[PDB]
Structures are given as C-alpha cells and as structure tokens.
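Heads up, the thing below is written out as structure tokens.
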Amino acid sequence: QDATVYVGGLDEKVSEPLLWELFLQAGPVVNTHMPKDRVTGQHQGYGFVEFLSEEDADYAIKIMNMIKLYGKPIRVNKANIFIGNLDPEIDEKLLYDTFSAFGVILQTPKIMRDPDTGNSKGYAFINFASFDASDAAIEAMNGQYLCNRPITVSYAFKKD
Amino acid sequence: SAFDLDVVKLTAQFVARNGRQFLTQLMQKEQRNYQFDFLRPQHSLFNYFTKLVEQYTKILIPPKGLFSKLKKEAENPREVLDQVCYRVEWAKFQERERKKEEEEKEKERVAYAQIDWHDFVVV
Amino acid sequence: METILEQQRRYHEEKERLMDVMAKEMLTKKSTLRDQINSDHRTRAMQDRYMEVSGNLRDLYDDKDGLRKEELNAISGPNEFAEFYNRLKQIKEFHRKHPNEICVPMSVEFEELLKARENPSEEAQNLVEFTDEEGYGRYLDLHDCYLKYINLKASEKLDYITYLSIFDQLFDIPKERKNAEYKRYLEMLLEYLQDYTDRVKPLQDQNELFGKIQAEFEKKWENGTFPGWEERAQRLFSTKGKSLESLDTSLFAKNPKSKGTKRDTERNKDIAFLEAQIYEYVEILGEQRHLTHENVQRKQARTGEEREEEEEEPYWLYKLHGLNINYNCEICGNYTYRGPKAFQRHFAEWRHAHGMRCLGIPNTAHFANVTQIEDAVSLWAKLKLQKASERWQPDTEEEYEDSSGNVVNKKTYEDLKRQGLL
Ligand SMILES: [Zn+2]
C-alpha cells in the first residue's frame, strides 16, 4: 500500500497499460490494477499503480496531482450537507479551507472512500454551523466551478 | 518549536517595557538587520505574540506583585470560591446567551424558508 | 532568569488555570456523596496549591524594586536583547515540537472518564480518611467512644441510646466528675470530633475557624460566658460560683485559681479547651449527630436480615475428497489442517508465513512439507552454509600483493592491504 499509488479521476480513454505508460516517466511502475464494476463491467475511475520503490510513488503523487488526463481530474495519492461529483485531488483540510469562505465549519469534514481502494468514492458529507451557511452553500457552492469537476451540494435530510 | 516560543517571549518581554506605541525595543531591531517575522500581523503567531505582550503588560500591574501584595486570592479560600462561583455563573450566562442566539438563528432560518419568493416587485 | 517577568506570568497563569479548574468543578453537577467529597477534597488541594503558588510569587519582589530602574530605562534596550538573541542562536538540530507549554497544566488540572480525579490528586482516596460506618461524612462512628465510656465507667448499665443522650448535652450537668479520668476520654472524643468536622467540609477554612474558636474561648469563655439572674457567674475550671463580677475578677488572679489546685488554669486549661472544642463541634455538627442517632435507632429496630441488607449496601465427498484425515504443523501453532489438498496449500498461506517469521526463516519452496521447528532450523543452517559457500566473497577471497616489499608477500587479504596502504 505504501509503494502503490491510488489514482482517481480516470475517464473512458484511460486504460490499464495507459496509466502504466503515463507513470513510467515518474518511476518504475511494476503493475497496474483497475477494478471493474458489476453492472457496467468497466472501470469506475479509480485505479492503482504498484511501483517498485516508495520514492517513485511519492514522486508520482507529487507530479501527477490534479492533472487533466482524458478530460478528467486525475490525481495520485498514497494508498447536514452532501457534496457529489467532487475531485479526488482535494483533501479534508482543502475541503475545510474551501468551505470556510462561505460559512463557518463545525468540525473537520469527512469524505467517503471505497472499501477496496480507499482513496475516494465520489461523495462527501460536511456539516455547517447554522442553516445560513447551508443555504449559502446550496445557493453558491451548489454549482460552482471546482478543479475540473462540477460539484453538487444538496441537503442530506429535510423535513416538509 | 521551543526556540520560536522563546524568541516570542523575549520579544513580548522587550516590547512591554516601552514608553510609546512605536518607540519600542523591537521597532529599532527591525532596521538593525534582525529578521523577525512575528512582528507583522499577517502571521498566525502574531495573535499569540499579542496575547503574550498583554500578559507581560498585566504582569506589570501594581496589584500584579510589583509594589503590592495580594491578600484576598492568597489568604482567603472563601473569596476564591466566590470568584469560582461567579465565573461559573458567567459561563452559565454565556451558555444561555449562546442557546438564545442559536434559537434566534433557528427561528430566522424557519422564517426565511417559509416566506414567498415568487412575489417580486421592482420599484 | 526573568523572575519578575516570566515567573510572575507563569504563576499568574497557574493561578488562572487553578481558578478555571475550580470553576469547572463547581459548575458540574454531583450525583453521589462520596464523589462530591472527593471533588471537594480535590478543590481544597487545588486551592492549597494556588495559595502556595501565590505565596511563592508574592516573595519575588525584593530584586524587582532594584531592577525596575534598569528595566524601564529607554536608554537601554536592544543591546542586551541582541546579546540574549545571540545566546539563543545555538544549534537548532533538535527537531522536536513541544506543545505542552500551556496544554500540560490544562491536562494536569483535569480528570478522566474512567476516574474523576486530577493528576496531582491521582493518589487520593476517600477510604483512607473516612471509615465505612461514617459514610463519607453522612454519619459518625460512636461505637469505640461508647466502649471507652463503658470501660471508664466500669458499669454495663449504659447502652448506645444512653451514651447518645449523655453526649447530646452542651451546657447541662455532666455525667461524671470534671476532675476524674473521664476528661482523658473527652479529649480523645474532641480530637476525633475535630477530625470529623475537618473531614466533613474540606473546602472550609479550618485555620480561620480554629482562630475564631480560640478567640471565643479566650475573650468570652474565660470571662464568664454563662451569666445568671453562685448562680450569677460560673467558672469552668474552678467549678465554683461567684457573688458578683468584681469578686470573680478578684478570684481570677487568686493563688488557688492560678496553680494552687488540681483543676486550676495552669494544668486544666487544655481539658477546658478540649471541652470547648467538643461543645463547638457538637453545636456545629448537630445534624450529623442526629442523623447518626437515627441510623443507630434504625439499626437497633431492624431484624438480622434487615441489618445484613443495610450492612451489605454428501458424506461420500467427505471421504472422497480427502477429509477425515487431519494433519498438524508445529510451525503453525499445532494448527491441525484437513485433507491433503488444503494441507499442501497452507505453507503458502498467511498463517504459515507468520509462524515461519517467528524463527526468522523466509518462506520459500525449500521449506515446504516441513512441519517441525528443529527440522526447519537445521535445513536453514544447511541452506545458509551452501549459499554462503557458493557466492563470490571478494573480502576474504582475493590475492593482493602490497607494495611494502613490492616483490614479496602475496598472501595479503583485501583488508591487510588497506591497513598497509593507510
Ligand atoms: Zn504449517
């Protein structure tokens, strides 16, 4: 897990030897793994590249971070408001700093991860201090231009 | 982080003995080729340096132990218990004020989510 | 050292942290009497520590009056500051962050969820200062005092209710003589009552209460504290009456009243002070004595069981595929494996690799179908010897001929050549 780098944000043009060919300049990528879905039978955008040394994986994570690969925000990492279609290049501290401009955050946010890879699932949950920050996130942040990924902010629970 | 904290404590001790706002022992040190990034207010350590300077100024008070001796806080446990009870009452009043502010914010959020947003009038 | 600047601010921060801990202890609600007594003892210990810190900080003002002339001088300044910065310009290779400058006194004055006790008060216990019969200040133990009174009176006609009725009197006639041996038991009963009063309220000022009791004993009890309408003025030491105040003032400095008797003011002053302290403890803790008397009456009126309850509170595949034949491996915790298809595969599985790492031998194809420990270590010794032999080791296998003689001595190894060329 230390020598392997988890890549997120892969489109349909990216393939299993294509990621190994793109990561060959960063370091000696020994193997590439792409988990296939059960309903569609294709990649879900997240994969893994197992290299030989941990320094090559660190250089690939520091070089290929927030890159625009196949029209997709590909990024390598070390393997009541709901935000969907978020970029995997952002972290919890980056999401807390991005959410601090609209309103005040009550605590540190959390992002959902896949049970197989564990880098990024695609959705996240963040809680605001009051309902005014949630309304400002649903008015402004729900549709704002993020890092090559259109996010969507919505209410997790609402009572009619 | 011990050397930076010691430098901040030395700057707070040297700046508290000044007779003016700008005529201090640290303003002339900035022009004497001494790098001090904690003097600018843009850094996060400046908020702690200001609190250290405030504590150094409060350590120079006449009831702080320079020319007088405290008798109520040092020789009366009942006065300390009354001060602790007053601090607990102030904390309870602050918690009640925060709960009232949260209730007012919830009432404003309930009133804003129930008003009609289709009756537009441009005058 | 900045004793007037840094040490005074540190003492003020410690006093503020102690006051914040006391306010957090007083703001929290209580549910039990023993936990409340432990919190009161911790608050009293924190108040004593804050008073000691204030007394230590209040004495650091002798050199401050001499150093204030040099500290407030605007002619000085950045010279000594630059000298202190050059003294603080040492090697910064100690890459270690210390966030416990102010967080450590905040954590020392706090408690945990498993045990509600502070870090200086971690060794404090309520069972070392109070007995089980007292109930952490709920009642008072009077069985030993009643046994001592029955042993001193030499009679079995005094029960616990009679002793409680005799001990309830404050200014009435005593049960025995004042010059008898009952004063030695009364002094012990007063010394126990003083400790019971000091244990029932640790947050109260015991020294101020003792000084007030001494002032009331000296200024009031020694000057006729019980006026009448021999009955006009009574003396506690001499145990005699007086006609008027002038006769009592003339007899207060008399020769039998000073030292010419066995109950004078010279020898029987401590017994009178102990009796006054016992009367003050009975007047201040009368509700606890009434609760102890009610508990004794409820224990006497109860039965044996009530007193005990109060004191206690395809079978064919089975053999075709290889099952029913089990194999065990010592390298794997004597884990017994099933039919051969699984047993042969276990050497590659996780558990066997774990078991082999215990000895320090890698998992390879050589160590397959080997289940015993000593066999594994012997085969590892063999393989080690073989491989280490068949490699090319230049250090011991090489022929150098140093230029020391330059025409002789070709038996030099690769290490002696460096030693000769050094
Ligand atoms: Zn085994």
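Close amide-amide hydrogen proximity is noted between A:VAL30 and A:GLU50, A:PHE51, A:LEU52, each under 5 Å apart and 5 or more residues distant or on a separate chain (H modeled in the peptide plane; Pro and chain starts excluded). Straight-distance candidates among the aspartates and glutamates for linking to B:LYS29, with alpha-carbon spacing under 20 Å and chain neighbours fewer than 8 residues away dropped: B:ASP4, B:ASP6, B:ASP37, C:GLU70, C:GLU71, C:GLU80, C:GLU83. Per-residue Karplus couplings for the stretch C:279-296, computed as 6.51 cos²θ - 1.76 cosθ + 1.60 with θ equal to phi - 60°, are listed in order as 5, 5, 6, 6, 6, 7, 10, x, 5, 5, 5, 5, 5, 5, 5, 5, 5, 5 Hz, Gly and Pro entered as x.
Excluding same-chain neighbours fewer than eight residues apart, the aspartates and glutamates reachable from C:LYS262 by a Cα-Cα span under 14 Å are C:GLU181, C:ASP270.
For the pair the stretch A:49-112 and the stretch C:115-133, the centres of their Cα atoms are 51 angstrom apart. Working from label points 7 Å from Cα in the Cα-to-Cβ sense, the A:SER100 to C:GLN90 distance is 3.5 nm. Given a Förster distance of 22 angstrom, what is the FRET efficiency for B:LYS58 paired with B:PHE3, based on the Cβ-Cβ distance and rounded to 0.05? The formula returns an efficiency of 0.30 here. Annotation: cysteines of chain C without a disulfide-compatible partner (Cβ-Cβ under 4.7 angstrom) are C:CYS103, C:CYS145, C:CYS358. Ordered by the number of other Cβ atoms lying within 10 Å of each residue's own Cβ, fewest first, C:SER155, B:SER68 fall into the sequence C:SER155, B:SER68. Here's the picture: a label point sits 7 Å out from the Cα of C:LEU416 along the beta-carbon direction, and within the stretch C:390-407 the residues with their amide nitrogen under 15 Å of it are C:395-407. A Förster radius of 45 Å, combined with the Cβ-Cβ distance separating C:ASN369 from A:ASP37, puts the computed FRET efficiency at roughly 0.60.
Between the stretch C:47-65 and the stretch C:344-392, what is the separation of their alpha carbon centroids in Å? Using only Cα atoms, the two centres lie 70 Å from each other. Between the stretch B:36-104 and the stretch C:287-319, what is the separation of their alpha carbon centroids in Å? With the stretch B:36-104 and the stretch C:287-319 each reduced to a Cα centre, they are spaced 50 Å. Ranked by how many other Cβ atoms sit within 10 Å of their own Cβ, fewest first, the residues A:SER130, A:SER120 fall in the order A:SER130, A:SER120. In this structure, the pairs whose alpha-carbon distance is over 26 Å, taken from B:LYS72/C:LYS69; A:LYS158/B:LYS99; C:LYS157/C:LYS257; A:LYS72/A:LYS158, are B:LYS72/C:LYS69; C:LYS157/C:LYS257; A:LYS72/A:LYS158.
What does the C-alpha gyration tensor say about the overall shape of chain B? Classify as rounded when a/c is under 1.5, otherwise prolate if a/b is larger than b/c, or oblate. Oblate, because a/c is 1.5 or more while a/b does not exceed b/c.
Positions of Cβ are generated from backbone atoms using ideal geometry, with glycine treated the same way; all protein chains shown enter the neighbour counts. Since every read-out is calculated from the coordinates, none of them should be taken as a lab result.
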